[PDB]
Amino acid sequence: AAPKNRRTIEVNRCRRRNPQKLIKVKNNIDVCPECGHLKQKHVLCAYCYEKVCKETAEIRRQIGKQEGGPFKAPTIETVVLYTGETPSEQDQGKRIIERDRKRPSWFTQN
Amino acid sequence: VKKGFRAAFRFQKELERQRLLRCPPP
Amino acid sequence: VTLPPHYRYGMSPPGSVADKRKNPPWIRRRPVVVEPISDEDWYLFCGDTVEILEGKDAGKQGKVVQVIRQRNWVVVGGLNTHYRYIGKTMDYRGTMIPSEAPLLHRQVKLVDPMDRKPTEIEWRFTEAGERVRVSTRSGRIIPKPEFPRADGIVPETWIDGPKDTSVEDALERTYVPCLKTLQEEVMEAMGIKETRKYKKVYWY
Amino acid sequence: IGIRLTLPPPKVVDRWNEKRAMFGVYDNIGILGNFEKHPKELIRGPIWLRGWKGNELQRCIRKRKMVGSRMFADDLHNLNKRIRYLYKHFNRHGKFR
Amino acid sequence: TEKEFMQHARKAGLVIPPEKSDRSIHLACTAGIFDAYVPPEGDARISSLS
Amino acid sequence: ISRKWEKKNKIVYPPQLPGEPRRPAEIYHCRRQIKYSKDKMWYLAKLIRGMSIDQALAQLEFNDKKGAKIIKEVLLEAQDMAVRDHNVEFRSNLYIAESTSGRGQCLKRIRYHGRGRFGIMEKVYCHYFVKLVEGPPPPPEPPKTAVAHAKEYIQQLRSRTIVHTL
RNA sequence: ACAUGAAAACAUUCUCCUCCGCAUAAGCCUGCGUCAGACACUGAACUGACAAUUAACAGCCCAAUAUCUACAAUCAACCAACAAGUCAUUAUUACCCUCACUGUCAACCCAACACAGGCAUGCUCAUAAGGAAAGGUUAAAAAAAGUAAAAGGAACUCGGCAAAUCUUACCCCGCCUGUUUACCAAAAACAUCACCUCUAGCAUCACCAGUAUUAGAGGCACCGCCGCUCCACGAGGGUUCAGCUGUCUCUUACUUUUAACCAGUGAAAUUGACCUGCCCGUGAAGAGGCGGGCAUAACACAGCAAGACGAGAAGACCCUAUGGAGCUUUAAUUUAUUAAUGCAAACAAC
RNA sequence: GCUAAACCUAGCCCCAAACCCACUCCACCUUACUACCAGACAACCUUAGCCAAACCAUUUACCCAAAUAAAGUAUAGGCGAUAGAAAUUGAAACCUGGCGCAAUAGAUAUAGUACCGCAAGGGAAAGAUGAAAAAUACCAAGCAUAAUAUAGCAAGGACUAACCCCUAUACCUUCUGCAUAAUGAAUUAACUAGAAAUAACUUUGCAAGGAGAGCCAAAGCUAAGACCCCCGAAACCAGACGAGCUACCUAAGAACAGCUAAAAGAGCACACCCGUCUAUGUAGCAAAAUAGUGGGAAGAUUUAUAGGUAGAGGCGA
Ligand SMILES: [Mg+2]
Ligand SMILES: [Mg+2]
Ligand SMILES: [Mg+2]
Ligand SMILES: [Mg+2]
Ligand SMILES: [Mg+2]
Ligand SMILES: [Mg+2]
Ligand SMILES: [Mg+2]
Ligand SMILES: [Mg+2]
Ligand SMILES: [Mg+2]
Ligand SMILES: [Mg+2]
Ligand SMILES: [Mg+2]
Ligand SMILES: [Mg+2]
Ligand SMILES: [Mg+2]
Ligand SMILES: [Mg+2]
Ligand SMILES: [Mg+2]
Ligand SMILES: [Zn+2]
């Protein structure tokens with residue numbers, strides 16, 4: 079089926095500028111208590127999630143380098159250690175990962 | 031470009047009238 | 013030498029980076045009408061002091077540094093100069109230095125070296141037939157000013173290099189005219205002997 | 032759109048140049064010269080358009096009959112086609128008979 | 052259809068005019084003072100002692 | 041082409057005598073030749089229209105549309121030169137006055153169809169304009185109350201005359 | 001309307017597919033090598049610059065004059081053939097210098113495109129090689145594909161079309177076999193062995209390097225009987241037995257794709273202007289626009305196809321044009337053309 | 001305020017005058033632009049048709065070499081549409097031109113390039129600053145600024161007041177008659193269509209004469225003014241270009257697993273060739289395809305390369 083007559087700009091304005099066609103204002107936006115960047119109430123903060131992933135990626139890079147080959151998953155627990163750190167009394171018989179960095183403040187040690 | 035002068039002259043007066051109406055002098 | 017038929021000459025030399033950007037191969041602008049001046053009639057040369065007639069600072073004399081015969085343009089160093097910013101970047105404001113503007117051969121007039129006043133000049137021959145330019149009023153000889161040659165060579169301070177032929181060897185003559193070609197003279201010089209003869213072929 | 036936004040450059044006409052100041056001179060040479068010359072002989076222009084007038088069809092035959100042998104091959108072909116079309120239009124078409 | 056823009060622009064500043072040219076930019080003034088003059092300390096008090 | 045928006049930042053007003061109040065600062069900024077539809081960008085421009093600069097940035101940051109990040113950078117650089125070059129004291133004391141989109145220069149390409157047919161597709165480009173005015177955003181117009189309807193109806197009844205007579 | 005399998009240290013690993021892959025020829029001509037300047041920063045199948053494919057493979061050959069060359073191939077041995085075949089020399093003279101030139105890349109060719117099409121040969125017969133159907137979400141209608149189903153089993157329907165199952169018999173037509181309307185007809189149409197009719201007594205480009213058992217032009221369509229039957233066969237047209245099944249009684253459930261929402265890119269037909277309601281009447285005879293009544297804040301999304309005599313090719317169908325074209329002929333006007341005779345010319349022919 | 005809008009040159013047309021170009025080197029008729037072998041190979045021959053006579057068979061103007069005049073006369077002609085002489089008469093001359101065009105114009109031309117077509121062939125679009133770039137304001141349409149409030153060819157009469165009241169059946173064209181549900185138009189800009197002086201009329205000059213040889217005249221003769229459109233077929237003929245698709249043929253090549261059988265234009269069944277039926281698709285992946293189901297598949301089979309048959313024709317189970 080083809081249009082019978084050309085739709086006027088007045089009709090198009092009534093349709094395109096309809097209230098439901100407009101973008102609704104979001105009221106679930108708040109500042110992150112830690113870094114001060116905007117975040118949603120139910121969504122993790124972009125700044126803090128991304129900085130955790132980069133540290134996780136660095137540790138995982140150290141994981142593979144110490145691993146040195148696929149299909150060699152260890153059968154023991156793993157604990158990451160930073161500069162100026164020693165194995166704990168409960169940290170025995172578990173794989174040790176050495177990070178050439180200072181332990182982050184948010185990375186609380188158990 | 032169309033050769034002629036009267037039409038361009040008439041148009042110039044019309045634009046100046048619009049310019050006068052756009053911001054009338056004190 | 014790749015120039016469009018209606019190429020416009022500018023301050024930048026043709027083929028330069030600025031000229032290529034200003035005048036792309038696809039550009040087609042209106043040609044600029046220039047009064048034709050014969051080679052013999054032109055009397056403006058580099059290094060000549062010229063008194064400018066019409067300008068923002070009239071009555072001043074200066075030496076022409078560049079001449080453009082295609083547009084009858086004379087550029088005088090330090091005269092008729094506007095201002096522009098050099099080295100403009102997103103972080104630096106730029107360096108302000110003057111820059112000259114073209115002047116027509118009719119906007120300027122040659123000056124008498126002995127009398128600081130513009131004069132009209134005509135071309136006249138000397139006693140030996142060498143061509144010079146003689147002014148209309150208080151006629152005298154105003155020769156072509158000595159100017160640095162384009163290649164930048166200075167014979168007065170030239171030193172021969174390891175691959176430069178000496179003057180005596182270059183100028184001495186060894187050619188003895190005769191009825192022999194280059195090939196046979198060289199062949200007998202090296203002692204090459206060719207007993208076999210060249211048999212006749214058909215040419216068409 | 033369709034009109035210039037600036038005034039055209041003014042035009043200067045010399046009403047007293049050589050051609051204008053002496054237009055029409057010698058047009059009465061026959062009357063005042065004992066009829067030794069005709070004003071038609073003063074006509075300067077095409078060979079087939081000297082002291083003669085006619086419609087478009089008549090101008091085509093006159094050009095073909097007098098300078099047709101000297102025309103270019105393409106021009107002669109176009110002239111022949113023009114005569115054929117003009118002959119058909121004038122002798123077979125029109126409101127009046 | 053094949054028509055496109057004229058996006059052939061190359062970034063160009065004003066640094067060096069083409070070399071091997073007789074014409075060169077004429078400078079009217081120097082960049083900075085030839086010799087730096089260090090003002091003596093206490094010249095404000097010397098102003099009072101005219 | 042026309043580039044009047046850029047020149048709107050070069051107009052200078054004469055110095056103001058102490059008698060007259062403070063003239064609020066205004067900044068005209070625009071980004072040209074954005075690979076986006078002007079109709080699609082219109083919705084984002086209307087959304088942030090009339091709101092504060094920082095509230096607009098928060099709304100644009102979490103919007104999924106591609107044009108949202110383009111306007112977000114445009115608003116950010118508009119706020120920068122406002123404080124730096126336009127004598128704006130507080131960078132958060134700004135509100136959006138007008139935001140709109142205009143059609144840019146577009147190319148024409150061929151879209152192939154079946155049976156040897158074709159259709160002329162268009163690579164749409166658009167500009168985005170924004171003006172920032174120093175000061176808190178003006179309050180929105182309150183809804184017209186019932187008493188306002190009452191007086192208006194009375195005024196119409198009181199403004200009627202005897203027509204087609206003396 | 002179009003897309004990118006998954007996780008991740010972006011090292012790698014995992015899931016799935018191959019009816020593809022490699023090479024050669026043909027074709028094309030630097031067209032995902034390096035550096036720099038839907039998606040895209042390293043962005044890149046875009047632009048600028050630089051780099052490259054090295055001959056043994058292949059292409060590019062042959063002194064002259066005479067003179068030789070009956071016996072296949074098919075493991076070639078048996079056997080059995082017809083359609084009778086795809087490969088050989090010698091005599092004499094002449095003759096002794098040698099490794100030149102070109103092809104060599106790629107994700108590539110013809111299809112207007114990075115097109116589900118077309119495309120020769122040798123290997124691999126499932127890969128040792130080559131690839132990814134899902135951008136994300138929801139699981140409405142409607143549409144497409146697939147699977148399952150109580151009881152019955154063609155009652156559906158022009159028709160057992162489809163699907164399931166893996167059946168039998170009969171009639172009509174055409175011997176079989178093959179061929180055609182490339183793009184609406186694959187047949188009963190055409191060719192076809194066999195049979196019948198007509199014409200021809202013969203050299204040096206067809207017939208034919210042949211000669212009445214031959215050749216050419218045709219009709220019919222084998223065989224057999226004295227116009228008619230008979231085997232076999234047919235994606236040909238009808239009928240039937242049994243079985244089979246969602247064809248149906250009477251539909252239901254599930255899966256995938258389209259679908260709807262979110263983000264990116266983004267067409268086409270169509271469009272006099274529209275502020276585009278219902279009933280009855282009227283009217284160029286079928287009214288949203290005229291008359292009389294009724295209804296009536298504005299506004300988007302998803303469906304529906306009654307109307308807008310809806311849209312798409314001056315459609316098809318009948319009439320006109322002192323408009324065309326194809327075919328036929330005892331339509332009209334001709335023999336210029338060819339052949340055969342007569343006369344003249346020329347000395348039996350030309 | 002955005003897509004935009006404006007510009008003056010590039011150059012071209014018609015005349016006058018005057019008779020034009022074609023070997024740096026090297027390569028270039030073979031597959032052109034390819035250094036270097038025994039040949040014989042040759043050009044010349046009435047144009048037709050559309051069209052007009054309202055069909056048509058007959059006929060139908062096409063520079064032929066001095067303008068004018070004789071003259072549209074003598075003649076020719078289905079004596080009709082139309083064609084059309086000669087004798088005789090005899091012409092002037094001083095470019096340095098334009099009441100020609102100005103980027104949808106003027107040559108197609110920025111170029112016979114890009115691009116399409118096997119080939120012959122067809123064939124474009126466009127540029128805009130300034131003395132210096134070694135100085136880098138207002139205007140079509142469409143939108144935005146600024147969506148919408150009962151009711152209706154959207155307007156008019158009005159009114160304090162946008163609407164509310166009353167009145168009013170869009171334009172052109174074709175027909176007796178169209179709001180018509182008969183055609184055409186989405187909108188804007190530019191371009192786009194009435195050509196001729198026989199007679200007659202009007203106005204000057206002269207006048208039984210007019211006219212700058214010829215012609216007319218029983219008030220006429222000379223001069224001037226003023227009337228006759230655009231696009232569109234199916235067709236006909238002449239000369240070239242096409243058999244890389246397809247029809248057929250020639251040369252010399254290649255392919256056909258396995259099983260049953262038998263030395264089969266045999267059977268089942270891959271590769272491969274074909275395309276019976278259904279569904280999907282219908283501007284699609286595709287100007288004929290995909291999925292499934294089918295026929296053939298050692299033969300009148302399929303297929304790669306090179307060559308031949310060309311339109312008054314070829315080829316054709
Ligand atoms: Mg195609
Ligand atoms: Mg969709
Ligand atoms: Mg999806
Ligand atoms: Mg059942
Ligand atoms: Mg039944
Ligand atoms: Mg079936
Ligand atoms: Mg068959
Ligand atoms: Mg067919
Ligand atoms: Mg038959
Ligand atoms: Mg979308
Ligand atoms: Mg007829
Ligand atoms: Mg006819
Ligand atoms: Mg087999
Ligand atoms: Mg068989
Ligand atoms: Mg059928
Ligand atoms: Zn945070």
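Protein chains in written order, with PDB author numbering: chain 0, 79 to 188; chain c, 31 to 56; chain V, 13 to 216; chain i, 32 to 128; chain d, 52 to 101; chain T, 41 to 206. Even for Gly, the Cβ is constructed at its ideal location relative to N, Cα and C.
Collapsed DSSP secondary structure at residue i in the structure displayed
i                : result
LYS171 (chain T) : strand
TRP135 (chain V) : strand
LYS156 (chain V) : coil
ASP108 (chain 0) : strand
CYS190 (chain V) : coil
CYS146 (chain T) : coil
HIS120 (chain i) : helix
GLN73 (chain V)  : strand
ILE202 (chain T) : coil
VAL120 (chain V) : strand
Residue i versus residue j - alpha carbon distance
i                   : j                : result
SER24 (chain V)     : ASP31 (chain V)  : 6 angstroms
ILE88 (chain T)     : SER77 (chain T)  : 17 angstroms
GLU66 (chain V)     : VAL87 (chain V)  : 14 angstroms
residue 7 (chain V) : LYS71 (chain d)  : Outside the modelled stretch of chain V, which goes from 13 to 216, sits residue 7 (chain V), for which no answer is possible.
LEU159 (chain 0)    : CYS131 (chain 0) : 17 angstroms
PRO26 (chain V)     : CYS58 (chain V)  : 19 angstroms
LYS117 (chain 0)    : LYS129 (chain 0) : 15 angstroms
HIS126 (chain T)    : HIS115 (chain 0) : 27 angstroms
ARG145 (chain V)    : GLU134 (chain V) : 6 angstroms
Beta-carbon proximity of residue i to residue j, cut-off 8 angstroms
i                : j                : result
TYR165 (chain T) : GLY144 (chain T) : yes
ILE175 (chain 0) : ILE137 (chain 0) : yes
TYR21 (chain V)  : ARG83 (chain V)  : yes
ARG155 (chain T) : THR52 (chain d)  : no
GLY107 (chain T) : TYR135 (chain T) : no
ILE41 (chain T)  : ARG71 (chain T)  : no
Buried or exposed by the 16-neighbour rule on C-beta atoms within 10 Å, applied to residue i
i                : result
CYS123 (chain 0) : buried
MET81 (chain T)  : buried
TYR68 (chain T)  : buried
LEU115 (chain T) : buried
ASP60 (chain V)  : buried
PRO130 (chain V) : buried
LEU115 (chain V) : buried
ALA118 (chain T) : buried
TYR193 (chain T) : exposed
Identity of the residues DSSP links to residue i by a beta bridge
i                : result
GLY159 (chain T) : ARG151 (chain T)
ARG42 (chain V)  : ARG42 (chain V) pairs with nothing; no bridge assigned.
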